[PDB]
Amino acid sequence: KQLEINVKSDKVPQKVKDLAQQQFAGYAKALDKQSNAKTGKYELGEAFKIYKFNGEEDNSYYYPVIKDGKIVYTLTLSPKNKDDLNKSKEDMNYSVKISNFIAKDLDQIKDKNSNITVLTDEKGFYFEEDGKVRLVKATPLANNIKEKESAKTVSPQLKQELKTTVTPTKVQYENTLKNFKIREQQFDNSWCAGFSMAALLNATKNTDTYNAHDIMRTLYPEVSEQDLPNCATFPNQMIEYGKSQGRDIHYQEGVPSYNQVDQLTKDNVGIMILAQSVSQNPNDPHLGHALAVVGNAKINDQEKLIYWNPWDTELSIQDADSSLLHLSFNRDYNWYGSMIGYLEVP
C-alpha cells in the first residue's frame, strides 16, 4: 500500500536494467563520500519514466537509489553521446549518472498510498497528484526565464497512454577541488555561468565572497535589480571577469580528458562546462547552460567526472566519456567546450 508512479509501460531494455544493477552501489558509495554521508545498505528501486504534458516520453530511465530503506539518490541512465540520439532504445549506449534528483520529493511520499505522474516542461519537473500539478524542481534557462507559465494541464492523450505503474519502493579513487562547496542554488534566474564561476573562484581562492548576483552585477552595473535575473552571461565576459580576478581563462574545445581533469584538479585549476541543446545547430557554440567540474573518480574501474549543476544542492557523477547532459523537457545538451581558469603569468 505504497507510492506508485504512472508510466506507459514498466518495460526496460535488458541492457539498461543490467547497467543500473551493475553500477548503482558503486555510484551511491562515491556520492555519499562526496556529500559527507555515512554509508549504508544500498538497494535499487523500480525504474520510472518521465513525460512531457503532451504525452512524449523522456528518453531516459530513472532508478530510485535506496539507503537503509530511504530514497536518497536517483540513478539516471541516458543516451551517452550525440550519435546515440539517432539510435533506438535497444541499440543506443547509455551513460550512468547519480545525483539527488527529486529523491527527497519521492522519499517524503514513498509510503503514502497514492500515485503520481512525473512531468516536465521547459521550466522544470512536476508531480501530478490527485489531479493537481506541483513544481518539484525548477530548471531556469536564459530562454524560459522571461516567458509566461506554461499550461500545466495533463493532456488527455497522456492519460490514455499511461497504462501501468511502477513502485519506487519495490526492490576506489576520488580526486576533487579540496575547497569546493555548494553555497548557493540557481532557481529563479539565468545566471548559470555566474553560479559556476562563483563556486569555482571560491574554491580555487579558498574564499566565500564570490556569488552569482555580485558577478552579474559587475557585468551589468546599469541593469535594475529586477531585470538582472534575465540577463545572460557570455564567453567574452567570463574571460574578461576572470582576468580582473587574477585568472587567465581560456576556452578549450570539446570534453576535457579524464586525465586532464585529474591534473588540473590537482593544480587547483577550475573548469567550467559549456553546454548547448542539441535541438539547435551543432556548429554554433552558443551558451545554453553552464556547470562546474569538481573533480574525477574511478568507479567499478571506469572513469567518471564529478560536477555541480547550479540547479542542484548536491553534486553529480557521470561517465567521463559521455558528452551529453540530460535536462528537463527531454532535452539533451552537448558538452561542446569549457572554460579553464589558469593562473595569470608573470
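One rule holds for the numbers: they count along the sequence shown, beginning at 1.
According to the entry, the deposited sequence has 10 or more residues without coordinates between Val171 and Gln172.
Comparing 122-130 with 143-151, the stretch with the higher mean C-alpha B-factor in the PDB entry is 143-151. Higher mean CA temperature factor, per the PDB entry, when comparing 58-66 with 276-284: 276-284.
Highest CA B-factor among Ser95, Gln157, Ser196, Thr74, as stated in the entry: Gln157. Going by the entry's values, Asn115 shows the largest Cα B-factor out of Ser190, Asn115, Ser78, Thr265. For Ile299, the recorded CA temperature factor ranks within the middle third of the chain's modelled residues. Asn86 sits in the highest third of its chain by CA B factor, as recorded in the PDB entry. Looking at the C-alpha B-factors along this chain, the one for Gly45 belongs to the middle third. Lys33 sits in the middle third of its chain by CA B factor, as recorded in the PDB entry. Sort the chain's modelled residues by C-alpha temperature factor and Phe180 lands in the middle third, per the entry.
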